[PDB]
file start_31.pdb (PDB, C-alpha atoms (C1' of nucleotides))
ATOM      1  CA  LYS A   3    -129.217 122.285  87.930
ATOM      2  CA  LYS A   4    -132.352 121.952  90.042
ATOM      3  CA  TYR A   5    -135.400 119.930  89.029
ATOM      4  CA  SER A   6    -138.718 118.579  90.301
ATOM      5  CA  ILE A   7    -140.637 115.342  89.734
ATOM      6  CA  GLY A   8    -144.400 115.030  89.180
ATOM      7  CA  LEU A   9    -146.359 111.813  89.668
ATOM      8  CA  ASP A  10    -149.873 110.590  88.793
ATOM      9  CA  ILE A  11    -150.925 107.241  90.286
ATOM     10  CA  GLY A  12    -153.993 105.135  89.469
ATOM     11  CA  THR A  13    -155.008 101.491  89.856
ATOM     12  CA  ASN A  14    -153.624 100.580  86.413
ATOM     13  CA  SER A  15    -151.066 103.287  85.651
ATOM     14  CA  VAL A  16    -148.430 105.630  87.033
ATOM     15  CA  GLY A  17    -148.094 108.873  85.091
ATOM     16  CA  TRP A  18    -144.658 110.298  85.822
ATOM     17  CA  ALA A  19    -143.088 113.594  84.803
ATOM     18  CA  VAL A  20    -139.862 115.440  85.648
ATOM     19  CA  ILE A  21    -139.791 119.222  85.290
ATOM     20  CA  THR A  22    -136.782 121.461  85.615
ATOM     21  CA  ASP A  23    -136.391 125.043  86.855
ATOM     22  CA  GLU A  24    -137.687 126.705  83.659
ATOM     23  CA  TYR A  25    -140.899 124.567  83.419
ATOM     24  CA  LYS A  26    -139.554 122.738  80.342
ATOM     25  CA  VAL A  27    -139.613 118.977  79.766
ATOM     26  CA  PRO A  28    -135.963 117.932  79.333
ATOM     27  CA  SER A  29    -134.821 116.076  76.247
ATOM     28  CA  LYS A  30    -131.829 113.835  76.682
ATOM     29  CA  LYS A  31    -129.769 111.379  74.706
ATOM     30  CA  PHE A  32    -129.637 107.988  76.382
ATOM     31  CA  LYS A  33    -127.282 105.188  75.397
ATOM     32  CA  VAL A  34    -128.756 102.196  73.594
ATOM     33  CA  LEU A  35    -127.011  98.847  74.053
ATOM     34  CA  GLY A  36    -127.517  95.599  72.170
ATOM     35  CA  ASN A  37    -126.456  95.023  68.568
ATOM     36  CA  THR A  38    -128.314  97.717  66.653
ATOM     37  CA  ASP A  39    -127.185 100.844  64.871
ATOM     38  CA  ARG A  40    -128.743 103.388  67.243
ATOM     39  CA  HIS A  41    -126.250 103.527  70.101
ATOM     40  CA  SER A  42    -127.942 106.562  71.626
ATOM     41  CA  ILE A  43    -131.417 108.025  71.200
ATOM     42  CA  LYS A  44    -132.470 111.498  72.258
ATOM     43  CA  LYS A  45    -135.846 111.085  73.990
ATOM     44  CA  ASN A  46    -137.816 112.978  76.612
ATOM     45  CA  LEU A  47    -138.219 112.361  80.346
ATOM     46  CA  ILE A  48    -141.986 111.788  80.650
ATOM     47  CA  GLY A  49    -144.365 108.869  80.400
ATOM     48  CA  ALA A  50    -146.559 106.380  82.208
ATOM     49  CA  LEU A  51    -146.108 102.722  83.207
ATOM     50  CA  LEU A  52    -148.996 100.270  82.761
ATOM     51  CA  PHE A  53    -149.468  97.003  84.627
ATOM     52  CA  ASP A  54    -152.151  94.517  85.649
ATOM     53  CA  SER A  55    -154.053  95.002  88.910
ATOM     54  CA  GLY A  56    -152.622  93.077  91.854
ATOM     55  CA  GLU A  57    -154.786  90.048  92.546
ATOM     56  CA  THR A  58    -156.116  89.001  95.946
ATOM     57  CA  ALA A  59    -155.583  85.613  97.659
ATOM     58  CA  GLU A  60    -159.248  84.569  97.949
ATOM     59  CA  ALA A  61    -159.293  82.063  95.097
ATOM     60  CA  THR A  62    -156.096  80.323  96.231
ATOM     61  CA  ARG A  63    -157.417  80.106  99.792
ATOM     62  CA  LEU A  64    -160.697  78.583  98.589
ATOM     63  CA  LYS A  65    -158.814  76.027  96.466
ATOM     64  CA  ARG A  66    -156.668  75.182  99.505
ATOM     65  CA  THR A  67    -159.766  74.548 101.603
TER
ATOM     66  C1'   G B   1    -153.791 114.727 117.034
ATOM     67  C1'   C B   2    -155.910 110.351 119.996
ATOM     68  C1'   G B   3    -159.300 108.357 123.327
ATOM     69  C1'   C B   4    -164.007 107.695 121.896
ATOM     70  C1'   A B   5    -170.683 106.631 120.168
ATOM     71  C1'   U B   6    -173.694 105.752 115.613
ATOM     72  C1'   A B   7    -174.044 103.647 110.670
ATOM     73  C1'   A B   8    -171.375 100.897 107.342
ATOM     74  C1'   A B   9    -167.434  98.729 104.611
ATOM     75  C1'   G B  10    -163.250  95.803 103.783
ATOM     76  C1'   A B  11    -159.580  92.096 104.886
ATOM     77  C1'   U B  12    -157.856  87.453 107.106
ATOM     78  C1'   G B  13    -157.936  82.430 108.435
ATOM     79  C1'   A B  14    -159.989  77.998 109.777
ATOM     80  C1'   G B  15    -163.974  74.546 109.916
ATOM     81  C1'   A B  16    -167.504  72.107 107.128
ATOM     82  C1'   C B  17    -171.995  71.294 103.804
ATOM     83  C1'   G B  18    -174.822  71.398  97.555
ATOM     84  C1'   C B  19    -173.764  70.162  93.111
ATOM     85  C1'   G B  20    -170.988  69.392  89.025
ATOM     86  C1'   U B  21    -167.383  67.145  85.558
ATOM     87  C1'   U B  22    -165.503  62.757  83.230
ATOM     88  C1'   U B  23    -165.188  57.549  83.366
ATOM     89  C1'   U B  24    -167.014  52.799  84.762
ATOM     90  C1'   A B  25    -171.719  49.571  86.790
ATOM     91  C1'   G B  26    -176.715  51.197  85.456
ATOM     92  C1'   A B  27    -176.080  43.483  81.594
ATOM     93  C1'   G B  28    -181.375  47.791  77.476
ATOM     94  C1'   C B  29    -184.386  45.427  73.666
ATOM     95  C1'   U B  30    -186.984  43.930  69.135
ATOM     96  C1'   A B  31    -187.507  42.776  63.950
ATOM     97  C1'   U B  32    -185.385  43.239  59.040
ATOM     98  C1'   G B  33    -181.125  43.504  55.599
ATOM     99  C1'   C B  34    -175.573  42.892  54.563
ATOM    100  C1'   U B  35    -171.006  40.562  53.995
ATOM    101  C1'   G B  36    -166.857  37.369  56.357
ATOM    102  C1'   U B  37    -168.415  33.011  58.666
ATOM    103  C1'   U B  38    -166.568  26.880  62.687
ATOM    104  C1'   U B  39    -170.405  26.816  59.774
ATOM    105  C1'   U B  40    -174.562  21.082  56.733
ATOM    106  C1'   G B  41    -170.456  21.048  53.047
ATOM    107  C1'   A B  42    -168.125  20.577  47.041
ATOM    108  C1'   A B  43    -170.800  24.924  47.577
ATOM    109  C1'   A B  44    -175.468  27.218  49.673
ATOM    110  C1'   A B  45    -177.010  29.020  55.102
ATOM    111  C1'   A B  46    -176.549  31.223  59.580
ATOM    112  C1'   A B  47    -176.996  30.209  65.396
ATOM    113  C1'   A B  48    -175.387  36.210  61.660
ATOM    114  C1'   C B  49    -170.201  33.257  64.638
ATOM    115  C1'   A B  50    -168.265  38.750  63.539
ATOM    116  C1'   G B  51    -169.731  43.451  62.938
ATOM    117  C1'   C B  52    -172.835  46.506  59.872
ATOM    118  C1'   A B  53    -177.324  49.304  58.322
ATOM    119  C1'   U B  54    -182.834  50.196  58.578
ATOM    120  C1'   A B  55    -186.751  51.252  61.269
ATOM    121  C1'   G B  56    -189.571  50.537  65.724
ATOM    122  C1'   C B  57    -189.472  50.357  70.895
ATOM    123  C1'   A B  58    -188.413  50.420  76.125
ATOM    124  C1'   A B  59    -186.587  52.213  80.481
ATOM    125  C1'   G B  60    -183.834  56.764  82.429
ATOM    126  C1'   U B  61    -183.437  59.248  89.457
ATOM    127  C1'   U B  62    -178.335  56.319  91.467
ATOM    128  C1'   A B  63    -173.512  54.060  93.264
ATOM    129  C1'   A B  64    -168.019  54.298  92.897
ATOM    130  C1'   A B  65    -163.153  57.102  91.412
ATOM    131  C1'   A B  66    -160.607  61.529  91.640
ATOM    132  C1'   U B  67    -161.006  66.789  91.745
ATOM    133  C1'   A B  68    -155.377  71.043  89.695
ATOM    134  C1'   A B  69    -150.783  67.102  87.073
ATOM    135  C1'   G B  70    -148.543  66.026  91.326
ATOM    136  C1'   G B  71    -144.705  66.737  95.450
ATOM    137  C1'   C B  72    -142.187  64.691  99.920
ATOM    138  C1'   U B  73    -142.092  66.854 104.199
ATOM    139  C1'   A B  74    -145.265  60.769 104.168
ATOM    140  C1'   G B  75    -147.204  64.197 107.426
ATOM    141  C1'   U B  76    -154.083  63.046 107.887
ATOM    142  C1'   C B  77    -148.521  68.221 105.208
ATOM    143  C1'   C B  78    -147.466  71.080 100.620
ATOM    144  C1'   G B  79    -148.644  72.741  95.518
ATOM    145  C1'   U B  80    -153.621  77.926  91.381
ATOM    146  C1'   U B  81    -152.040  84.200  95.233
ATOM    147  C1'   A B  82    -149.037  88.501  96.014
ATOM    148  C1'   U B  83    -143.710  87.605  94.853
ATOM    149  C1'   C B  84    -140.500  88.052  87.488
ATOM    150  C1'   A B  85    -138.191  94.182  83.389
ATOM    151  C1'   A B  86    -132.786  94.055  80.137
ATOM    152  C1'   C B  87    -128.010  93.775  82.271
ATOM    153  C1'   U B  88    -122.782  92.316  85.071
ATOM    154  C1'   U B  89    -121.009  90.302  89.361
ATOM    155  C1'   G B  90    -122.844  87.641  93.957
ATOM    156  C1'   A B  91    -124.891  80.635  95.695
ATOM    157  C1'   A B  92    -128.881  83.664  96.650
ATOM    158  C1'   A B  93    -129.909  88.006  99.085
ATOM    159  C1'   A B  94    -127.839  92.135  97.555
ATOM    160  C1'   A B  95    -124.925  95.686  94.848
ATOM    161  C1'   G B  96    -123.448  98.307  90.393
ATOM    162  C1'   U B  97    -124.613  99.510  85.215
ATOM    163  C1'   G B  98    -126.068 103.657  80.784
ATOM    164  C1'   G B  99    -124.209 111.716  81.424
ATOM    165  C1'   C B 100    -124.907 116.650  80.709
ATOM    166  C1'   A B 101    -124.862 123.232  78.338
ATOM    167  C1'   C B 102    -128.176 123.776  73.392
ATOM    168  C1'   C B 103    -131.451 123.322  68.980
ATOM    169  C1'   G B 104    -135.491 121.171  66.926
ATOM    170  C1'   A B 105    -139.639 117.396  67.899
ATOM    171  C1'   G B 106    -143.960 111.442  64.695
ATOM    172  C1'   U B 107    -142.962 107.791  67.854
ATOM    173  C1'   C B 108    -138.229 110.950  67.848
ATOM    174  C1'   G B 109    -133.742 113.650  65.418
ATOM    175  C1'   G B 110    -129.403 116.168  66.345
ATOM    176  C1'   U B 111    -126.042 118.915  69.260
ATOM    177  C1'   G B 112    -121.081 121.440  73.170
ATOM    178  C1'   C B 113    -118.387 118.268  76.339
ATOM    179  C1'   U B 114    -118.838 113.666  74.976
ATOM    180  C1'   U B 115    -119.706 108.530  77.427
TER
END
call {"tool": "encode", "arguments": {"input": "start_31.pdb", "output": "structure tokens"}}
result
Amino acid sequence: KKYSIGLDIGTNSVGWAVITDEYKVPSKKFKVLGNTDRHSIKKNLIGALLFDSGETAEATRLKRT
RNA sequence: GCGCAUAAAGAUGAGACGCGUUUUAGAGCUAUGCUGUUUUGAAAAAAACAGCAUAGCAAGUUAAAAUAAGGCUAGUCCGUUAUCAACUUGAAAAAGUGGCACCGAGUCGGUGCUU
């Protein structure tokens, strides 16, 4: 049916959530490839991605000079 | 929702200067002791020849090399930073790729259809 997506951004992380019409976090079975036994795993649709801060170009410029 | 004043901030790109690092050249020395030693020889002993150890000293400032390895594009140019999930094509770019009604919830487990 209908659904909405919530986001939370920060310099190191992106908290992401997807809500539906009835304010409930959906649970869904997703297929799992590879060569393991679990071919599908029912998980939820919410989390947050972490990553290193994007670096500037000052050091490289100084080294160039 | 701009044209604007004040006070700040950031970012970019060049041009250059102080070192520094590590090498070499800073011709450092003295005495003593050790063995091998051409050694005077048949051996001994060094001139310790070769180094070694013990102490004691003495100066000490600087000069040169490069400074990402390197690259070729031989320029007086480039090379440290953004820009990388798995995956199939596609040279690359780029594209596609994994279901869902429902019940629970320990790194999730099922479930109707059903991959």
call {"tool": "interface_residues", "arguments": {"input": "start_31.pdb", "of": "chain B", "to": "chain A", "cutoff": "9 Å", "atoms": "only C-alpha atoms (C1' of nucleotides)", "output": "number ranges by chain"}}
result
B: 13-14, 80-82, 98-100, 108-110, 115
call {"tool": "atom_distance", "arguments": {"input": "start_31.pdb", "atom1": "atom CA of residue A:22", "atom2": "atom CA of residue A:53"}}
result
27.6 Å
call {"tool": "resolve_selection", "arguments": {"input": "start_31.pdb", "expression": "the PyMOL selection byres ((chain B and resi 66) around 12)", "output": "list in words"}}
result
residues 21, 22, 23, 64, 65, 67 and 68 of chain B
call {"tool": "write_last_selection", "arguments": {"input": "start_31.pdb", "atoms": "C-alpha atoms (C1' of nucleotides)", "output": "PDB file, in the frame of the given file"}}
result
ATOM      1  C1'   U B  21    -167.383  67.145  85.558  1.00  0.00           C
ATOM      2  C1'   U B  22    -165.503  62.757  83.230  1.00  0.00           C
ATOM      3  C1'   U B  23    -165.188  57.549  83.366  1.00  0.00           C
ATOM      4  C1'   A B  64    -168.019  54.298  92.897  1.00  0.00           C
ATOM      5  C1'   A B  65    -163.153  57.102  91.412  1.00  0.00           C
ATOM      6  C1'   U B  67    -161.006  66.789  91.745  1.00  0.00           C
ATOM      7  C1'   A B  68    -155.377  71.043  89.695  1.00  0.00           C
TER       8        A B  68
END
call {"tool": "residues_around", "arguments": {"input": "start_31.pdb", "residues": "residue A:25", "least_positions_apart": "4", "cutoff": "10 Å", "atoms": "all atoms listed in the file", "output": "PyMOL selection string"}}
result
chain A and resi 5-6+20-21
call {"tool": "atom_distance", "arguments": {"input": "start_31.pdb", "atom1": "atom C1' of residue B:97", "atom2": "atom CA of residue A:40"}}
result
18.8 Å
call {"tool": "atom_distance", "arguments": {"input": "start_31.pdb", "atom1": "atom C1' of residue B:57", "atom2": "atom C1' of residue B:27"}}
result
18.5 Å
call {"tool": "resolve_selection", "arguments": {"input": "start_31.pdb", "expression": "the PyMOL selection byres ((chain B and resi 30) around 10)", "output": "PDB file with C-alpha atoms (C1' of nucleotides), in the coordinates of the input"}}
result
ATOM      1  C1'   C B  29    -184.386  45.427  73.666  1.00  0.00           C
ATOM      2  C1'   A B  31    -187.507  42.776  63.950  1.00  0.00           C
ATOM      3  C1'   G B  56    -189.571  50.537  65.724  1.00  0.00           C
ATOM      4  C1'   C B  57    -189.472  50.357  70.895  1.00  0.00           C
ATOM      5  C1'   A B  58    -188.413  50.420  76.125  1.00  0.00           C
TER       6        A B  58
END
call {"tool": "axis_aligned_box", "arguments": {"input": "start_31.pdb", "around": "stretch 10-19 of chain A", "padding_each_side": "3 Å", "output": "lines of an AutoDock Vina configuration file"}}
result
center_x = -149.0
center_y = 107.1
center_z = 87.5
size_x = 17.9
size_y = 19.0
size_z = 11.5
call {"tool": "residues_around", "arguments": {"input": "start_31.pdb", "residues": "residue B:46", "least_positions_apart": "5", "cutoff": "12 Å", "atoms": "all atoms listed in the file", "output": "VMD selection string"}}
result
chain B and resid 36 to 40
call {"tool": "write_last_selection", "arguments": {"input": "start_31.pdb", "atoms": "C-alpha atoms (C1' of nucleotides)", "output": "PDB file, keeping the file's coordinate frame"}}
result
ATOM      1  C1'   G B  36    -166.857  37.369  56.357  1.00  0.00           C
ATOM      2  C1'   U B  37    -168.415  33.011  58.666  1.00  0.00           C
ATOM      3  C1'   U B  38    -166.568  26.880  62.687  1.00  0.00           C
ATOM      4  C1'   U B  39    -170.405  26.816  59.774  1.00  0.00           C
ATOM      5  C1'   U B  40    -174.562  21.082  56.733  1.00  0.00           C
TER       6        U B  40
END
call {"tool": "resolve_selection", "arguments": {"input": "start_31.pdb", "expression": "the PyMOL selection byres ((chain A and resi 13) around 9)", "output": "ChimeraX atom specification"}}
result
/A:11-12,14-16,53-56
call {"tool": "decode", "arguments": {"input": "start_31.pdb", "residues": "chain B", "atoms": "C-alpha atoms (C1' of nucleotides)", "output": "PDB file, in the first residue's frame"}}
result
ATOM      1  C1'   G B   1      12.449  36.700  -2.477  1.00  0.00           C
ATOM      2  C1'   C B   2      16.870  39.741  -4.380  1.00  0.00           C
ATOM      3  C1'   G B   3      19.549  44.134  -4.684  1.00  0.00           C
ATOM      4  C1'   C B   4      22.138  45.675  -0.739  1.00  0.00           C
ATOM      5  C1'   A B   5      25.887  48.085   4.630  1.00  0.00           C
ATOM      6  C1'   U B   6      28.441  46.107   9.119  1.00  0.00           C
ATOM      7  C1'   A B   7      31.153  42.094  11.471  1.00  0.00           C
ATOM      8  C1'   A B   8      33.089  37.509  10.474  1.00  0.00           C
ATOM      9  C1'   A B   9      33.929  32.729   8.442  1.00  0.00           C
ATOM     10  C1'   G B  10      35.120  29.226   4.828  1.00  0.00           C
ATOM     11  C1'   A B  11      36.966  27.464   0.146  1.00  0.00           C
ATOM     12  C1'   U B  12      40.263  27.616  -4.163  1.00  0.00           C
ATOM     13  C1'   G B  13      44.714  28.070  -6.806  1.00  0.00           C
ATOM     14  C1'   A B  14      49.375  29.772  -7.824  1.00  0.00           C
ATOM     15  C1'   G B  15      54.035  31.778  -6.384  1.00  0.00           C
ATOM     16  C1'   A B  16      57.981  31.312  -3.160  1.00  0.00           C
ATOM     17  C1'   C B  17      60.876  31.195   1.686  1.00  0.00           C
ATOM     18  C1'   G B  18      62.684  27.885   7.415  1.00  0.00           C
ATOM     19  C1'   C B  19      63.998  23.555   8.802  1.00  0.00           C
ATOM     20  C1'   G B  20      64.182  18.560   8.931  1.00  0.00           C
ATOM     21  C1'   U B  21      65.321  13.381   7.540  1.00  0.00           C
ATOM     22  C1'   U B  22      68.926   9.845   5.892  1.00  0.00           C
ATOM     23  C1'   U B  23      73.552   9.090   3.597  1.00  0.00           C
ATOM     24  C1'   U B  24      78.410  10.660   2.264  1.00  0.00           C
ATOM     25  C1'   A B  25      82.891  14.626   3.193  1.00  0.00           C
ATOM     26  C1'   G B  26      83.486  16.713   8.160  1.00  0.00           C
ATOM     27  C1'   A B  27      90.810  12.252   7.031  1.00  0.00           C
ATOM     28  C1'   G B  28      89.432  12.642  14.873  1.00  0.00           C
ATOM     29  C1'   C B  29      93.246  11.065  18.357  1.00  0.00           C
ATOM     30  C1'   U B  30      96.204   8.782  22.301  1.00  0.00           C
ATOM     31  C1'   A B  31      98.144   4.802  25.282  1.00  0.00           C
ATOM     32  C1'   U B  32      97.559  -0.305  26.832  1.00  0.00           C
ATOM     33  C1'   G B  33      96.145  -5.523  25.919  1.00  0.00           C
ATOM     34  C1'   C B  34      94.724  -9.696  22.336  1.00  0.00           C
ATOM     35  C1'   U B  35      95.188 -13.140  18.524  1.00  0.00           C
ATOM     36  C1'   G B  36      96.215 -14.111  12.957  1.00  0.00           C
ATOM     37  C1'   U B  37     100.491 -11.919  11.045  1.00  0.00           C
ATOM     38  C1'   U B  38     104.866 -10.595   5.022  1.00  0.00           C
ATOM     39  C1'   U B  39     106.773 -10.671   9.446  1.00  0.00           C
ATOM     40  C1'   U B  40     114.005 -11.399  12.007  1.00  0.00           C
ATOM     41  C1'   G B  41     112.957 -16.760  11.233  1.00  0.00           C
ATOM     42  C1'   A B  42     113.291 -22.987  12.923  1.00  0.00           C
ATOM     43  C1'   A B  43     110.264 -20.419  16.175  1.00  0.00           C
ATOM     44  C1'   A B  44     109.668 -15.701  19.148  1.00  0.00           C
ATOM     45  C1'   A B  45     107.892 -10.227  17.744  1.00  0.00           C
ATOM     46  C1'   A B  46     105.110  -6.638  15.624  1.00  0.00           C
ATOM     47  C1'   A B  47     105.441  -1.865  12.136  1.00  0.00           C
ATOM     48  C1'   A B  48      99.829  -5.012  15.479  1.00  0.00           C
ATOM     49  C1'   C B  49     100.160  -6.071   8.901  1.00  0.00           C
ATOM     50  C1'   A B  50      94.541  -7.371  10.266  1.00  0.00           C
ATOM     51  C1'   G B  51      90.878  -6.377  13.461  1.00  0.00           C
ATOM     52  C1'   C B  52      89.672  -6.599  18.644  1.00  0.00           C
ATOM     53  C1'   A B  53      89.029  -4.832  23.824  1.00  0.00           C
ATOM     54  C1'   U B  54      90.281  -1.268  27.943  1.00  0.00           C
ATOM     55  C1'   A B  55      90.454   3.321  29.557  1.00  0.00           C
ATOM     56  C1'   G B  56      91.596   8.442  28.676  1.00  0.00           C
ATOM     57  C1'   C B  57      91.041  12.487  25.497  1.00  0.00           C
ATOM     58  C1'   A B  58      89.890  16.047  21.690  1.00  0.00           C
ATOM     59  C1'   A B  59      86.978  18.682  18.512  1.00  0.00           C
ATOM     60  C1'   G B  60      81.507  19.210  17.143  1.00  0.00           C
ATOM     61  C1'   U B  61      78.155  24.908  13.677  1.00  0.00           C
ATOM     62  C1'   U B  62      78.624  23.130   7.738  1.00  0.00           C
ATOM     63  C1'   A B  63      78.614  21.433   2.380  1.00  0.00           C
ATOM     64  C1'   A B  64      76.349  17.939  -1.230  1.00  0.00           C
ATOM     65  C1'   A B  65      72.123  14.256  -2.755  1.00  0.00           C
ATOM     66  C1'   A B  66      67.072  13.516  -3.012  1.00  0.00           C
ATOM     67  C1'   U B  67      62.398  14.520  -0.781  1.00  0.00           C
ATOM     68  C1'   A B  68      56.629  10.126  -1.963  1.00  0.00           C
ATOM     69  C1'   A B  69      58.828   4.818  -5.203  1.00  0.00           C
ATOM     70  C1'   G B  70      58.396   6.754  -9.712  1.00  0.00           C
ATOM     71  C1'   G B  71      55.737   7.880 -14.601  1.00  0.00           C
ATOM     72  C1'   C B  72      56.059   9.699 -19.806  1.00  0.00           C
ATOM     73  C1'   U B  73      53.479  13.340 -21.563  1.00  0.00           C
ATOM     74  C1'   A B  74      60.261  14.390 -21.607  1.00  0.00           C
ATOM     75  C1'   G B  75      57.435  18.577 -20.831  1.00  0.00           C
ATOM     76  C1'   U B  76      61.052  22.842 -16.637  1.00  0.00           C
ATOM     77  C1'   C B  77      54.548  18.106 -17.050  1.00  0.00           C
ATOM     78  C1'   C B  78      52.136  14.195 -14.013  1.00  0.00           C
ATOM     79  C1'   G B  79      51.739  11.033  -9.539  1.00  0.00           C
ATOM     80  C1'   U B  80      49.439  11.335  -1.577  1.00  0.00           C
ATOM     81  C1'   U B  81      42.587  14.296  -2.571  1.00  0.00           C
ATOM     82  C1'   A B  82      37.403  13.712  -3.528  1.00  0.00           C
ATOM     83  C1'   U B  83      36.344   9.535  -6.986  1.00  0.00           C
ATOM     84  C1'   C B  84      35.683   1.827  -4.775  1.00  0.00           C
ATOM     85  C1'   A B  85      29.734  -2.004  -1.669  1.00  0.00           C
ATOM     86  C1'   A B  86      28.217  -7.796  -3.658  1.00  0.00           C
ATOM     87  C1'   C B  87      26.371  -8.939  -8.426  1.00  0.00           C
ATOM     88  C1'   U B  88      25.341  -9.970 -14.357  1.00  0.00           C
ATOM     89  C1'   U B  89      25.942  -7.852 -18.912  1.00  0.00           C
ATOM     90  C1'   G B  90      28.470  -3.451 -21.323  1.00  0.00           C
ATOM     91  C1'   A B  91      35.431  -1.772 -23.563  1.00  0.00           C
ATOM     92  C1'   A B  92      34.056   1.732 -20.122  1.00  0.00           C
ATOM     93  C1'   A B  93      30.155   4.845 -19.161  1.00  0.00           C
ATOM     94  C1'   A B  94      25.789   2.945 -18.161  1.00  0.00           C
ATOM     95  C1'   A B  95      21.786  -0.468 -17.289  1.00  0.00           C
ATOM     96  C1'   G B  96      19.412  -4.551 -14.722  1.00  0.00           C
ATOM     97  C1'   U B  97      19.439  -7.842 -10.387  1.00  0.00           C
ATOM     98  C1'   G B  98      16.784  -9.981  -5.161  1.00  0.00           C
ATOM     99  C1'   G B  99       8.617  -9.515  -3.783  1.00  0.00           C
ATOM    100  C1'   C B 100       4.464  -9.032  -0.980  1.00  0.00           C
ATOM    101  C1'   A B 101      -1.262 -10.094   2.897  1.00  0.00           C
ATOM    102  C1'   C B 102       0.157 -12.020   8.375  1.00  0.00           C
ATOM    103  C1'   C B 103       2.403 -13.674  13.131  1.00  0.00           C
ATOM    104  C1'   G B 104       6.183 -13.217  16.397  1.00  0.00           C
ATOM    105  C1'   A B 105      11.091 -10.492  17.340  1.00  0.00           C
ATOM    106  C1'   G B 106      18.610 -11.282  20.030  1.00  0.00           C
ATOM    107  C1'   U B 107      21.152  -9.823  16.067  1.00  0.00           C
ATOM    108  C1'   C B 108      16.458 -12.201  13.903  1.00  0.00           C
ATOM    109  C1'   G B 109      12.596 -16.429  13.163  1.00  0.00           C
ATOM    110  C1'   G B 110       8.514 -17.914  10.487  1.00  0.00           C
ATOM    111  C1'   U B 111       4.335 -17.207   7.426  1.00  0.00           C
ATOM    112  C1'   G B 112      -0.384 -16.676   2.555  1.00  0.00           C
ATOM    113  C1'   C B 113       1.072 -16.145  -2.441  1.00  0.00           C
ATOM    114  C1'   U B 114       5.635 -17.567  -3.077  1.00  0.00           C
ATOM    115  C1'   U B 115      10.341 -15.770  -5.861  1.00  0.00           C
TER     116        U B 115
END
